[PDB]
Every structure is written in structure tokens, then in C-alpha cells.
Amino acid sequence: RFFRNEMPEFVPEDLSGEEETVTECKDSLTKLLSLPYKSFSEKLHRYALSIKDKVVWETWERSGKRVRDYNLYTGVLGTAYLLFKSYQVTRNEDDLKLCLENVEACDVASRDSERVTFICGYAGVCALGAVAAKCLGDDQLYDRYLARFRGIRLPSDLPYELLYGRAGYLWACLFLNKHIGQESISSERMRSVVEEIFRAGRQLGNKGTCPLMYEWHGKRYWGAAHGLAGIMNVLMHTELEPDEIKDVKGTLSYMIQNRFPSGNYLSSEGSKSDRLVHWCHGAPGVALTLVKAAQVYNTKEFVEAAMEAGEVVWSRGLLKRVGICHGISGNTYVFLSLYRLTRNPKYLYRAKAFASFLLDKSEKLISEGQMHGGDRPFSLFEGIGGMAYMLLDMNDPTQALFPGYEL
């Protein structure tokens, strides 16, 4: 379920060339939407600082700096990452320091952990640690997180998907390497994870239909978090061979040709219900993946499919939940992604409308239960942590990357 999107479509025409139409309804929301970007982004920035502060209060100070959760998704690493994003935007070195203090606590709390991914496990802790240390200029701290990251091993048991599986660990490696700008994690190690991914996908899949196939919890999920999209997405970020490229292209075509009559995407193989429009399941996560296919492959099929997935988000993507995983902050990135790809200000405008909706309405909507605020209300993936993160990323919308998804 979604709020009906009755927000005004983007107007390309230069008006005013007045005169401001008198009978046109002008509330606080419409005034936000009309705002020129410079002051609109400054406004969202100030709001995001208050959210950020609130999140730091609750997850760090109130709790007396004690760490139970730890991971990016719902735990304290979500807070460190938000602090990191804030540092990236503001260059406030106190944000980076606090970041590192949160990481260190997460590290302590994550020994004994068997979680291996960026978003849900220990590779997330180590890769942020190492990147934050590099920014700070602390080489010894860097080596130390780098050694912990390099000690990670993958049970033959692991799944393939993003939250718990190999695409997830491999995502962390790509993230670490891109940011340091070095082969910090070994290219042979990353290539080996890739080959295991194609091996299993090819074994369970049929060259006739979907050339690559996976299962998590015995389910054949299509989406970003546990499905085909998230895996293909990660694979596009590495050096494929020609037949690997065909197989990734193939799996993505398969999904395009086989979506709902509404243009939304199935949660999992033969599902009979068109209901979810989330990053985790549905159009939003898949759109982000097609945008990436579009950038790498430059195919009409992918470009147009990405745009079409964007229309499903535009009409149904205004979820009654605030967050990144399955909410408005997370669906905003669909428009940001389309904007990065096309440079078409209509897509910026669409991200601007979802962000304005959240700033104008979210507090009121959450506090009277018409918007769900996340089970962990201050987490990165469920709570307002992710709204602050999205808000901060609007400051420089062409540099905005869905956290733990886009590289």
C-alpha cells in the first residue's frame, strides 16, 4: 500500500513568464516543490542534520555506547555509515571520528559473528572501518581493519544473494577497492567468488529461459535484497567474460519479458500477486539494476525498461513506510538513479517530490500511525537513519548512491 501520488508532474516549460496562477492550490508541500534546487537542498540538509543528531542520540548516547546489533541494516554500523555520509557531505571531521568510534564498537560486538556481507555482516564493519581510517589518514588503523577483512572466509554453505550471500561479501570487496583505489582485497579472491556465482547460477538455470538462477530460503527471488537483481547488479560491477556478460544480459531480459501487466516485477518465480514495490522486492530494486545494466551495456531494452520501472515507482512507490529497504527514502533513489543516467531534470524533480513529501509529511504521518516508522525506528535500513542518509545525498544528486547497493 501507497499514498496516492497526486503531486504535480514536472513542468519543463519556463514560466513567469508569469503570472502565478491565483486559483492554484499553494500549501507547504507545493511551495517546497517550486523551490530552486540551491535552497531546496540547503533546507533538506538542515533537516537531515536534525535527523542525524536524533539518530546519534538514540543509538549511541541513550544506549550508553553499548552495542548489541552492530550491522549496517539495523545496528550501530548504520549510524556510523550515516556519520560517514555526513562527513563526505560536510567535511565535519567530528562526523568521521565519531564514525570510527562506532565502527570499533561494532567490531568488538561482531567477533564470533558468522555474517559475511556489507549490509548484514562483518565485511560491512571492516570495509567502513578501513575506508574511514584511510580518510582520517590513520594507516595503522587501516591495516588493522584490512587484516580483519582479509581474514573473512566463506563457508561452502553460504547463499548467493546480497543480504547473506556471496554477492553481499563481493559487494564489500568492490566497495573497499573502489574507495581505497587499490587492490586492497585480492582480485583472485573476488574473481573466485564470481566464478562460484556463475557456476551455481548456470547449474540451477536453463540457457533456454533464465540463464542464471538462485534460491534463498528455498525461494527463487527476483529482487535486490535476496534475488536475481542484487546478484546481477554486483556482477556488473566486475570484469566479466563475454559469455558471463551474455548470461547477465540474459537473466535481465528474462525478467523484463516476464514482469506483471502493471510493469511491476515479481517477488519470486511464479508469484501470483502484484503487491510489493520496494527496494527489497519489486520495481525499485530492479530499476536500480536496469539503470546499471543501461550504463554498462547501453541497450535500448535496458534504458527503456529502467524508465518503465521508474513509472511504477512514480505511481505506486510512495509507500506508507519511511525507510530505505521498503519505503520512500529508498524509492527516491530510483529517480536519482534515472537522473544520473539521463540527466533529464524530470527525474531530479521526481526525487525532489519524494523527498519533499517526506520532509513535509513524515513526522505527522508516523506519529499518528499512517506511516510505519520502521521496527528499528533509528536504523539505516528501516528507520529515519536512512531518510537522513537520502536527504544528505540530495545535496549532490548526481553523486547519490543507494547505500549498500549502488557503486
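Residue positions are given as counts along the sequence shown, with the first one as 1.
Engineer: If you average the CA temperature factors over each stretch, which comes out higher, 6-14 or 395-403?
Structural biologist: Taking the mean C-alpha B-factor of 6-14 and of 395-403, the larger value falls to 6-14.
Engineer: Taking only the CA atoms, which stretch has the higher mean B-factor in the record, 339-347 or 65-73?
Structural biologist: For C-alpha atoms only, the mean B-factor is higher in 65-73.
Engineer: Among 208, 129, 165, 323, where is the Cα temperature factor highest, going by the PDB entry?
Structural biologist: Highest C-alpha B-factor among the listed options: 208.
Engineer: Could you check 193, 229, 296, 106 and tell me which one carries the biggest Cα B-factor in the deposited entry?
Structural biologist: Of the candidates given, the C-alpha B-factor peaks at 296.
Engineer: Pull the Cα B-factor of residue 368 out of the PDB entry and bin it into the chain's lowest, middle or highest third.
Structural biologist: Highest third, going by the recorded CA B-factors of the chain.
Engineer: Tell me, lowest, middle or highest third: where does the Cα B factor of residue 183 rank within its chain?
Structural biologist: Answer is middle: the recorded C-alpha B-factor places it there.
Engineer: Sorting by Cα B-factor within the chain, modelled residues only, which third would residue 147 end up in: lowest, middle or highest?
Structural biologist: Answer is middle: the recorded C-alpha B-factor places it there.
Engineer: Quick one: classify residue 159 as lowest, middle or highest third of the chain based on its Cα B-factor.
Structural biologist: Answer is middle: the recorded C-alpha B-factor places it there.
Engineer: Classify residue 200 as lowest, middle or highest third according to the C-alpha B-factor given in the PDB entry, relative to its own chain.
Structural biologist: Within its chain, residue 200 is a highest-third residue by C-alpha B-factor, going by the deposited values.
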